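# with the input below, show me the fold.
(chains A and B)
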Amino acid sequence: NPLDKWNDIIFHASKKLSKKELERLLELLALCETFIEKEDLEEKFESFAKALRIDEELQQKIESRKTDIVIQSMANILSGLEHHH
Amino acid sequence: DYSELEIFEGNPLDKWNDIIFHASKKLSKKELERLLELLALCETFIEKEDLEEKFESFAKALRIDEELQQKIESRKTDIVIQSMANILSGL
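Numbering: from 1, shown residues only, chains lettered A, B, ... in the order given. Structure as follows:
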């Protein structure tokens, strides 16, 4: 399970690295969301977000990106552990 | 102007980290996975709508634009406030 492992790193890596990584992901979600508002896609996105609850194909498609984000996130922390030497 | 609240002490971001690393692992894992699913939904939507390139130029514009800089900081603060509300709700 990559989400299980990512949680383990966030809690067991230094506060410096965890605080850094989480803020990076927050800034990403903020950039991403602002872009949707800047492009005027509010309701089209809200009608895509509601579709997640009923669509099994979208449910796995989202789970795939989640996993990918998490893997890179882990890689960024693991990269910073070696840097602290 | 919500950051000004005595609960946040002019910094909701470091108060959010404090809640994440101090509330139960159950609640923190629940919340972080919710934010990850949100970023995944958000990103997938950009790809579904085929705006990846238009987004990459918007993301690069952040480094040079002072107006976009604080506009992003504003949403970060907003996301974080709702995030702490969700954890505090779960207590």
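# only C-alpha atoms for contact and neighbour calcs from this point on.
Will do.
# how about the residue nearest the centre of chain A, what does it touch?
What sits nearest the mean C-alpha location of chain A, by CA atoms, centre = their mean, is residue A:69, with 4.8 Å. Listed by CA atoms under 8 Å, 6 or more residues apart in numbering or on different chains, the contact partners of residue A:69 are B:36, B:40.
# next, it: phi, psi?
With angles defined as degrees, to the nearest 10, residue A:69 sits at phi -60, psi -50.
# got the buried residues for stretch A:13-29?
Within stretch A:13-29, the residues that qualify as buried are A:17-19, A:21, A:23, A:25-29, counting by 16 or more other CA atoms under 10 Å in any protein chain shown.
# correction: stretch A:49-60
If you call a residue buried by 16+ other CA under 10 Å, then stretch A:49-60 has these buried ones: A:52, A:58.
# who's in contact with that stretch?
residue B:41.
# how long is that stretch end to end?
14 Å (CA to CA, to the nearest Å).
# anything in stretch A:14-32 sitting right up against chain B?
Yes: looking at stretch A:14-32 against chain B by CA under 8 Å from any CA of the partner chain, the contacts come from A:19, A:26-32.
# can you list these in CSV and add distance to residue A:52 and secondary structure?
Below are the residues of stretch A:14-32 next to chain B laid out as CSV (distance: CA to CA, whole Å; DSSP: H, G, I helix; E, B strand; the rest coil):
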residue, distance to residue A:52, secondary structure
A:19, 30, helix
A:26, 21, helix
A:27, 23, helix
A:28, 21, helix
A:29, 18, helix
A:30, 21, helix
A:31, 22, helix
A:32, 18, helix
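# give me the residue from chain A nearest chain B.
As assessed by CA to the nearest CA, chain B sits closest to residue A:29 within chain A, at 5.1 Å.
# what sits against that residue?
Contacts of residue A:29 by CA under 8 Å, 6+ apart are B:38-39, B:42.
# if you set the cut-off to 10 Å instead, what comes out?
By CA atoms under 10 Å, 6 or more residues apart in numbering or on different chains, the contact set of residue A:29 is A:23, A:35, B:35-36, B:38-43, B:72, B:75-76, B:79.
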